[PDB]
Amino acid sequence: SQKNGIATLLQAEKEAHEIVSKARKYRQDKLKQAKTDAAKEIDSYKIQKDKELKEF
Amino acid sequence: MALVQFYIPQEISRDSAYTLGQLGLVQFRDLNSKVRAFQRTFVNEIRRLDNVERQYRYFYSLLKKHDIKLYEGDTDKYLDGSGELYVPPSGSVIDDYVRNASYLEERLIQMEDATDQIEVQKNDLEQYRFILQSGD
Amino acid sequence: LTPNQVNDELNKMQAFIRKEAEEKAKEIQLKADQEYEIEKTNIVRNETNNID
Amino acid sequence: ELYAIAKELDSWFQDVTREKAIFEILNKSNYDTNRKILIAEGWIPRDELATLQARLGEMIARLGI
Amino acid sequence: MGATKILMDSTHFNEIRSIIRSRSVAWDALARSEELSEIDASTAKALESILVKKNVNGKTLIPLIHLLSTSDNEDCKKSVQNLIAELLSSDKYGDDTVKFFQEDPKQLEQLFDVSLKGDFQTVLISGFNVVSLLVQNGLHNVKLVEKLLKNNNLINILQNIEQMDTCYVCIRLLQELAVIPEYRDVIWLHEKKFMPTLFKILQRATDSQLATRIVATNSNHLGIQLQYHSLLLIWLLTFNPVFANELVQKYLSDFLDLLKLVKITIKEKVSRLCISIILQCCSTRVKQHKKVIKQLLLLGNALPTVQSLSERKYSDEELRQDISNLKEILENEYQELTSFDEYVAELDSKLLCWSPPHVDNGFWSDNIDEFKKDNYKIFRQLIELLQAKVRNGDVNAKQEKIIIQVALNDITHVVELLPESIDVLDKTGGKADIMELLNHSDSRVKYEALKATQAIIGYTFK
């Protein structure tokens, strides 16, 4: 199996490169979710400010 | 075990494995450049080859500035006494080799220019001293 | 030169490449999570100042 | 300075030769991929690594590790 | 069901788990010998027989968990903890054990009692089992990690460098627990005793050869994973701005040796985390970043080694982008400081240090015009400091040798830039110090003073 280990190692390297590309895509998706997570975390503080102003 | 790397065509892999097998090489398996992440194509090896060429030009500049004959090495085998001491069995670091010789080449060039200017000024003052005393 | 040594070396090379890919994916995920946490904290303070 | 760097120049040339041979064995160009497309690896001993690098061969290169 | 695969790709935990599972004693013989309960031995034998052959099963984990906390034998607690850790660590079988452990909050405190008690293998498996339940999104506690880190049995196994399995398992458990934001605050308080072993592992790996196949600190799979986990444990906690300035201010000497590991190493994993730690500490997010970059640039000199380390290129180019961002941030931060106030403060402080921008001829030529306010009072103060330190105080020694060579090399550019500096040296009396220092030890400072004397001799006679 001399001619099979090069194709198997190339397929394993392509799977590792696809795993690294999926990790980079999740790394970009984390900041892409955090960009909406900033205003989504600010709206709960604005509503808590309005709830703290309604009691006064 | 120490890792070994070879570069040759795929048609002569049987004769290279048979000739290399008689020296102690075992577990010979043919692969490709794309299968190895460290042995892949990149411009960092070309930039390191350019830095090795600049270090080779700095070695010839230091050899010419030293006033000695041009030394020819090219030894890579560890069987010799001088090759085992002048060549380590581990990997080569071109950054410490270029950075360890660049400041020595620049300081040697500045020391040679300062010694040449001091020798020219001392020869000019010693040449004009007796002419100034005889003229005075 | 042997036939089993090429399969064992190919399996060890594939396991090392899979371990290096898993380590690079874990480091990329940790760096992306840290950068997303820092950006979310900076945006949270930047909204909290004007809210205050 | 010359007595301090005279041995370092001769060691740096021999290290630069193996550094250039490792860069040529690394296949860092498009012409090296279409010329030497076979790259094999193997396990050799530390004592046999010095004896394996004594023979230069025909087209194959050796790298110490 | 569906536990995470943390500690599932390390051969160090699998070697101790296979070594403990290979020599598992019978619970019925120990129960008949008055060493354990019969119900815990029968439940452990039923769970061991249903784990291999079968994989309702989660109900038997409570008698081994209560027997491990009630009993004090490490032989039964190690075999029961290895069987519970093998079922909780796997993802194909033992799904009810993770749901029963996550559903019952008393099982975390009951399972945490076995950690730091008994053998080191049972404490190592109990620490990973408690770290796996603490790493979930259903239960969390900083008192278990702080109490486990404050223990002597937990830090004693990780402090020892003879066993790479316990040190890699403890550093991998602390690095895995450091990913959570709550554990980073408690982990930074107890990082005053185990932090020196991570620098000693990298120093022992850099001090050894790379052509060996012994996986202790070498370039093998165990040494690269241990050094990558040790550098990743400090790299995960290095994202804080106060911990980066405090760790850079306190451990700058041990942190300065991390740059040599990337150059001496051939893998981009340790070089990516080593350059990523200095790139994270050099970022403009922590307070007093210019003081840490100026102290590391002046004292450490990481800027010249970063240019030599930037010549090497491999895969994972984000570490190369962090090296380029660290070199651009170090070059911009070093050039962003004032040369007149830094040179006057360094001359008034009685300490001289080399730098890439401080040794430039443009800074000396620009500061030569602004320094002329008292007939070269700044150059006369620097020559009075070099002549005062060289004249009295054991000149040509350890303390005055750096300021003498730095003052001579800095005075050589000022003497070469302006031909009017001979009156300032002749007025103070620093002209004889270069000639007397030229024929002594410190031949680099004698070469700088010979370059300044050759520069003055070039303008004295044409």
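What counts and how
Residues numbered from 1 in each chain as written, not as in the entry; some residues may be left out. Chains lettered and ligands numbered in written order. Part of a larger assembly, values for the part shown. Heavy atoms only, no water. Residues with missing side-chain atoms left out of burial classes, pairs and counts. Helix = DSSP H or I, 4+ residues; strand = E, 2+ residues; numbered from the N terminus. Rg over C-alpha atoms; globule rule 2.2 N^0.38 Å. Contact = heavy atoms within 4.5 Å. Nonpolar A, V, L, I, M, F, W, Y, C, P; charged D, E, K, R; others polar. Pairing = 2+ DSSP bridges. Domains from an automatic or database assignment. Axes fitted to C-alpha atoms, helices over the stretch in contact; angles between N-to-C directions.

Asker: An account of the overall build of chain E is requested, with residue identities and associated values reported.
Answerer: When its secondary structure is counted, chain E shows 28 helices and zero strands. In summary, chain E has a C-alpha radius of gyration of 31 Å against a globular reference of 23 Å for 462 residues, an excess of more than 25%.

Asker: Describe in detail the overall build of chain B, supporting the description with residues and values.
Answerer: Counting its regular elements, chain B contains four helices and two strands. When the elements of chain B are put in sequence order from the N terminus, they spell out β-α-β-α-α-α. Radius of gyration (C-alpha) of chain B: 25 Å, far over the 14 Å computed for a compact globule of 136 residues.

Asker: So, the interface of chain D and chain B: which residues are in play, and what are the values?
Answerer: Facing 23 residues of chain D, the contacting portion of chain B comprises 28 residues. Sorting the residues of the side of chain D that touches chain B by element identifies β1 (38-44) and α3 (46-52) of chain D as the ones contributing at least two each. Across the side of chain D that touches chain B, the residue classes break down as 13 nonpolar, five polar and five charged. As judged from the four bridges shared by strand β2 (residues 26-31) of chain B and β1 of chain D, these two strands associate in the antiparallel manner. Counted as the bridge partner of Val26 of chain B is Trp43 of chain D from β1 of chain D.

Asker: Which residues make up the arrangement of the chains, and what values go with them?
Answerer: Counting contacts across all six pairs of chains found in contact, the highest total belongs to chains B and D. Across the gap from chain A to chain D, with no contact made, the nearest C-alpha atoms are 10 Å apart. In this structure chain A stays clear of chain E, and the shortest span between their C-alpha atoms is 10 Å.

Asker: I'd like a rundown of unusual backbone geometry, residues and numbers included.
Answerer: All names here are of chain E. Notably, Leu7 is not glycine yet its phi reads approximately 70°, a positive angle. Inspection of the secondary structure assignment puts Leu7 in the segment before α1 (11-22). The phi torsion at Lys350 lies on the positive side, around 70°, for a residue other than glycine. Checked against the element boundaries, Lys350 lands in the loop between α22 (339-349) and α23 (361-371).

Asker: Please provide a residue-by-residue account of the domain arrangement of chain E, values included.
Answerer: Residues and elements named next belong to chain E. Structurally, chain E comprises domain 1 (12-340) and domain 2 (341-460). Taking only C-alpha atoms into account, the centre of domain 1 sits 51 Å from that of domain 2. At the interface, five residues of domain 1 touch five residues of domain 2. Mapped by element, the contributors of at least two residues to the side of domain 1 that touches domain 2 are α19 (289-300) and α22. Across the side of domain 1 that touches domain 2, the residue classes break down as three nonpolar, two polar and no charged.

Asker: Explain the sheet that holds β1 of chain D residue by residue, including any values.
Answerer: The three strands lie next to each other as β1(B)-β1(D)-β2(B), forming an open sheet whose pairing is antiparallel. A strand with exactly one partner marks an edge of an open sheet, and here the two such strands are β1 (2-8) and β2 of chain B. Averaged over neighbouring strand pairs, the angle between their axes works out to 20° when direction is ignored. Sheet topology places β1 of chain B next to β1 of chain D; seven bridges connect them, and they run antiparallel.

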